[PDB]
Amino acid sequence: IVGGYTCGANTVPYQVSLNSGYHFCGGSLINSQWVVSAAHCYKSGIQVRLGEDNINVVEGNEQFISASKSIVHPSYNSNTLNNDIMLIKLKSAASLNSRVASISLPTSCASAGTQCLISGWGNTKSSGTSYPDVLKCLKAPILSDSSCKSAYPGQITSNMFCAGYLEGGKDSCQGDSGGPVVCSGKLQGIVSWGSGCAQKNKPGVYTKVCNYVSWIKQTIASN
Ligand SMILES: NC(=[NH2+])c1ccc2[nH]c(-c3cc([C@@H](CC(=O)[O-])C(=O)[O-])cc(Br)c3[O-])nc2c1
Ligand SMILES: [Ca+2]
Ligand SMILES: [Cl-]
């Protein structure tokens, strides 16, 4: 997260860290056994780390659970990143409490101007790499579809939306992929891509979760 602030320990209880010997992507806990992340974060050997604040120190509240299976959306296109969503089923259910809790899926899509909270352990530099130990937060609004398409002509599908600041300076970045975009207590987006990080007129692009609620429910119901 570039231009964000320290969230504060366990103030984002649905945030998870996907780990393979190091933190490589974020995710959101949606129930005690399932996590939603981005398809481009897929790899084998994933350990899901819940209740984290400092990812380099065991401070208490952490729950490390292996993923039993990862389900990348069948229509995921790695070239366009269209349908960049994946579901991860945990080997055992997580113990939910105040520090580890699930986030609700939306019942409707959000409008432009909605303010959302984006969090993660991704790079904090737009020009260089600096990875933080604790979780960073950023409040960002959803932009209009016209501003988004104007910024990324020909690259935005109906399953994506832009959120951020056209002036640059505040944005999600590499390492934040797969993490949550929460607006009014509902998971509306998944950190997906962007051109560089926090560049002027190049806002972040997110997977539009409201387009996938039935798919998520049907897939969880059959696995
Ligand atoms: N500007 C943003 N809002 C943004 C958001 C998520 C991103 N995720 C990534 C991302 C980038 C890589 C690098 C690979 C590298 O430099 O080593 C790449 O360009 O392909 C890899 C992953 Br996986 C990302 O999620 N860039 C991102 C940029
Ligand atoms: Ca820790
Ligand atoms: Cl277009």
# chains A, B, ... in the order shown; residues from 1 in each chain; ligands from 1

$ residues_near_ligand --ligand "ligand 1" --cutoff "8 Å" --atoms "only C-alpha atoms and all ligand atoms" --output "list in words"
residues 24, 25, 40, 41, 171, 172, 173, 174, 175, 176, 177, 178, 191, 192, 193, 194, 195, 196, 197, 198, 199, 202, 203, 204 and 205 of chain A

$ write_last_selection --atoms "N, CA, C and O atoms" --output "compact mmCIF listing (two decimals), in the first residue's frame"
# COMPACT_ATOMS: atom_id res chain seq x y z
N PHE A 24 3.23 -13.52 -0.03
CA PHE A 24 3.23 -13.19 -1.50
C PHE A 24 1.88 -12.59 -1.93
O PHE A 24 1.85 -11.98 -2.98
N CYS A 25 0.82 -12.74 -1.18
CA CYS A 25 -0.46 -12.16 -1.59
C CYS A 25 -1.37 -12.07 -0.38
O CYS A 25 -1.08 -12.69 0.62
N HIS A 40 -4.49 -14.76 -9.99
CA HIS A 40 -3.05 -14.66 -10.34
C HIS A 40 -2.12 -14.86 -9.14
O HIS A 40 -0.91 -14.80 -9.29
N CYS A 41 -2.68 -15.11 -7.99
CA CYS A 41 -1.85 -15.36 -6.79
C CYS A 41 -1.77 -16.89 -6.65
O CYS A 41 -1.13 -17.40 -5.76
N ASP A 171 -2.17 4.25 -3.32
CA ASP A 171 -2.67 3.13 -4.18
C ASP A 171 -2.25 1.81 -3.54
O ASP A 171 -1.50 1.80 -2.57
N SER A 172 -2.74 0.72 -4.08
CA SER A 172 -2.33 -0.60 -3.57
C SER A 172 -1.11 -0.87 -4.54
O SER A 172 -0.86 -0.14 -5.50
N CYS A 173 -0.38 -1.90 -4.27
CA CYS A 173 0.81 -2.24 -5.09
C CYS A 173 1.08 -3.75 -5.00
O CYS A 173 0.35 -4.48 -4.34
N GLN A 174 2.14 -4.16 -5.64
CA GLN A 174 2.51 -5.62 -5.64
C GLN A 174 2.62 -6.06 -4.17
O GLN A 174 3.17 -5.35 -3.33
N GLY A 175 2.09 -7.21 -3.90
CA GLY A 175 2.14 -7.74 -2.52
C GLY A 175 0.78 -7.60 -1.88
O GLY A 175 0.45 -8.30 -0.95
N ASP A 176 0.03 -6.67 -2.41
CA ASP A 176 -1.34 -6.43 -1.89
C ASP A 176 -2.39 -7.28 -2.70
O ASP A 176 -3.52 -7.41 -2.24
N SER A 177 -1.96 -7.78 -3.85
CA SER A 177 -2.85 -8.61 -4.74
C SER A 177 -3.59 -9.67 -3.95
O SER A 177 -2.97 -10.27 -3.10
N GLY A 178 -4.85 -9.83 -4.28
CA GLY A 178 -5.70 -10.83 -3.60
C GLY A 178 -6.41 -10.30 -2.36
O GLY A 178 -7.37 -10.89 -1.91
N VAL A 191 -7.91 -6.88 -4.75
CA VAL A 191 -6.77 -6.14 -5.35
C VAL A 191 -6.31 -7.00 -6.56
O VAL A 191 -5.97 -8.17 -6.39
N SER A 192 -6.29 -6.39 -7.72
CA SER A 192 -5.87 -7.16 -8.92
C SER A 192 -4.67 -6.56 -9.66
O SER A 192 -3.60 -7.14 -9.60
N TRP A 193 -4.82 -5.44 -10.32
CA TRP A 193 -3.64 -4.89 -11.06
C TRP A 193 -3.68 -3.39 -11.19
O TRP A 193 -4.55 -2.75 -10.64
N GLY A 194 -2.72 -2.86 -11.89
CA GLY A 194 -2.63 -1.40 -12.13
C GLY A 194 -1.33 -1.18 -12.91
O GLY A 194 -0.59 -2.13 -13.07
N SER A 195 -1.10 0.03 -13.38
CA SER A 195 0.15 0.37 -14.16
C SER A 195 1.08 1.02 -13.11
O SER A 195 0.87 2.17 -12.74
N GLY A 196 2.04 0.26 -12.65
CA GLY A 196 2.99 0.80 -11.63
C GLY A 196 2.11 0.92 -10.37
O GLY A 196 1.06 0.29 -10.26
N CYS A 197 2.54 1.73 -9.45
CA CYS A 197 1.78 1.95 -8.20
C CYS A 197 1.87 3.43 -7.93
O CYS A 197 2.93 4.01 -8.03
N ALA A 198 0.71 3.93 -7.59
CA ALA A 198 0.42 5.35 -7.24
C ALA A 198 0.86 6.36 -8.30
O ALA A 198 1.24 7.46 -7.92
N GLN A 199 0.77 5.97 -9.55
CA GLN A 199 1.17 6.90 -10.66
C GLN A 199 -0.07 7.75 -10.98
O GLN A 199 -1.21 7.35 -10.84
N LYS A 202 -3.35 6.67 -13.21
CA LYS A 202 -3.27 5.19 -13.36
C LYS A 202 -3.74 4.55 -12.04
O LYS A 202 -2.94 4.02 -11.28
N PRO A 203 -5.02 4.63 -11.78
CA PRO A 203 -5.58 4.11 -10.51
C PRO A 203 -5.48 2.56 -10.46
O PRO A 203 -5.15 1.91 -11.44
N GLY A 204 -5.79 2.00 -9.32
CA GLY A 204 -5.73 0.52 -9.20
C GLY A 204 -7.02 -0.04 -9.79
O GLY A 204 -8.04 0.63 -9.80
N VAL A 205 -6.93 -1.26 -10.25
CA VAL A 205 -8.06 -1.99 -10.85
C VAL A 205 -8.26 -3.20 -9.93
O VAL A 205 -7.31 -3.88 -9.53

$ closest_atom_pairs --of "chain A" --to "ligand 2" --cutoff "8 Å" --atoms "only C-alpha atoms and all ligand atoms" --output "Markdown table"
| residue | atom | partner | partner_atom_place_in_ligand_line | distance |
| --- | --- | --- | --- | --- |
| A:51 | CA | ligand 2 | 1 (Ca) | 7.8 |
| A:52 | CA | ligand 2 | 1 (Ca) | 4.9 |
| A:53 | CA | ligand 2 | 1 (Ca) | 5.5 |
| A:54 | CA | ligand 2 | 1 (Ca) | 4.3 |
| A:55 | CA | ligand 2 | 1 (Ca) | 4.1 |
| A:56 | CA | ligand 2 | 1 (Ca) | 5.5 |
| A:57 | CA | ligand 2 | 1 (Ca) | 4.2 |
| A:58 | CA | ligand 2 | 1 (Ca) | 4.0 |
| A:59 | CA | ligand 2 | 1 (Ca) | 5.2 |
| A:60 | CA | ligand 2 | 1 (Ca) | 7.1 |
| A:62 | CA | ligand 2 | 1 (Ca) | 6.4 |

$ residues_near_ligand --ligand "ligand 3" --cutoff "9 Å" --atoms "only C-alpha atoms and all ligand atoms" --output "number ranges by chain"
A: 146, 149-150, 152-157

$ closest_residue --among "A:13, A:3, A:141, A:27" --to "residue 111 in chain A" --atoms "only C-alpha atoms"
A:141

$ closest_residue --among "A:143, A:86, A:100, A:46" --to "residue 215 in chain A" --atoms "only C-alpha atoms"
A:86

$ select_by_dssp --residues "range 124-157 of chain A" --states "strand (DSSP E)" --output "PyMOL selection string"
chain A and resi 136-141

$ closest_residue --among "A:104, A:42, A:61, A:19" --to "residue 78 in chain A" --atoms "only C-alpha atoms"
A:42

$ closest_residue --among "A:128, A:168, A:106, A:120" --to "residue 5 in chain A" --atoms "only C-alpha atoms"
A:120

$ residues_around --residues "residue 89 in chain A" --least-positions-apart "5" --cutoff "12 Å" --atoms "only C-alpha atoms" --output "ChimeraX atom specification"
/A:27-37,46-48,65-72,94,216,219-223

$ atom_distance --atom1 "CA of residue 159 in chain A" --atom2 "CA of residue 23 in chain A"
26.3 Å

$ residues_around --residues "range 114-116 of chain A" --least-positions-apart "3" --cutoff "8 Å" --atoms "only C-alpha atoms" --output "number ranges by chain"
A: 110-111, 139-142, 181-184

$ select_by_dssp --residues "range 12-205 of chain A" --states "alpha helix (DSSP H)" --output "list in words"
residues 145, 146, 147, 148, 149, 150 and 151 of chain A

$ write_last_selection --atoms "N, CA, C and O atoms" --output "tab-separated table (two decimals), in the first residue's frame"
chain	number	residue	atom	x	y	z
A	145	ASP	N	-17.01	4.56	-14.05
A	145	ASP	CA	-16.56	3.67	-15.15
A	145	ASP	C	-15.95	4.49	-16.26
A	145	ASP	O	-15.02	4.04	-16.88
A	146	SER	N	-16.46	5.66	-16.49
A	146	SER	CA	-15.86	6.48	-17.58
A	146	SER	C	-14.45	6.90	-17.24
A	146	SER	O	-13.59	6.90	-18.10
A	147	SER	N	-14.19	7.27	-16.00
A	147	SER	CA	-12.80	7.67	-15.69
A	147	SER	C	-11.85	6.46	-15.77
A	147	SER	O	-10.71	6.55	-16.19
A	148	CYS	N	-12.37	5.35	-15.35
A	148	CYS	CA	-11.57	4.09	-15.36
A	148	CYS	C	-11.20	3.70	-16.82
A	148	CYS	O	-10.04	3.47	-17.11
A	149	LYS	N	-12.21	3.65	-17.67
A	149	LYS	CA	-11.98	3.29	-19.11
A	149	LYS	C	-11.13	4.32	-19.78
A	149	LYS	O	-10.43	3.96	-20.68
A	150	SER	N	-11.23	5.53	-19.34
A	150	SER	CA	-10.41	6.62	-19.94
A	150	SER	C	-8.97	6.37	-19.57
A	150	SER	O	-8.08	6.63	-20.35
A	151	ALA	N	-8.77	5.86	-18.37
A	151	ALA	CA	-7.38	5.58	-17.89
A	151	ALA	C	-6.74	4.33	-18.49
A	151	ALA	O	-5.54	4.31	-18.72

$ residues_around --residues "residue 105 in chain A" --least-positions-apart "5" --cutoff "7 Å" --atoms "only C-alpha atoms" --output "ChimeraX atom specification"
/A:186-187,213

$ write_last_selection --atoms "N, CA, C and O atoms" --output "PDB file, in the first residue's frame"
ATOM      1  N   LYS A 186     -18.910  -4.634   3.380  1.00  0.00           N
ATOM      2  CA  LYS A 186     -19.099  -5.772   2.425  1.00  0.00           C
ATOM      3  C   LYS A 186     -17.848  -5.802   1.569  1.00  0.00           C
ATOM      4  O   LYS A 186     -17.291  -4.764   1.255  1.00  0.00           O
ATOM      5  N   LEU A 187     -17.478  -6.999   1.200  1.00  0.00           N
ATOM      6  CA  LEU A 187     -16.268  -7.204   0.342  1.00  0.00           C
ATOM      7  C   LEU A 187     -16.705  -6.844  -1.117  1.00  0.00           C
ATOM      8  O   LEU A 187     -17.393  -7.636  -1.746  1.00  0.00           O
ATOM      9  N   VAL A 213     -20.917 -13.318  -6.734  1.00  0.00           N
ATOM     10  CA  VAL A 213     -21.537 -13.959  -5.541  1.00  0.00           C
ATOM     11  C   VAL A 213     -22.197 -15.321  -5.778  1.00  0.00           C
ATOM     12  O   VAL A 213     -22.001 -16.236  -4.987  1.00  0.00           O
TER      13      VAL A 213
END

$ atom_distance --atom1 "CA of residue 102 in chain A" --atom2 "CA of residue 9 in chain A"
16.3 Å

$ closest_residue --among "A:108, A:10, A:207, A:44" --to "residue 180 in chain A" --atoms "only C-alpha atoms"
A:207

$ closest_residue --among "A:135, A:4, A:82, A:39" --to "residue 16 in chain A" --atoms "only C-alpha atoms"
A:135
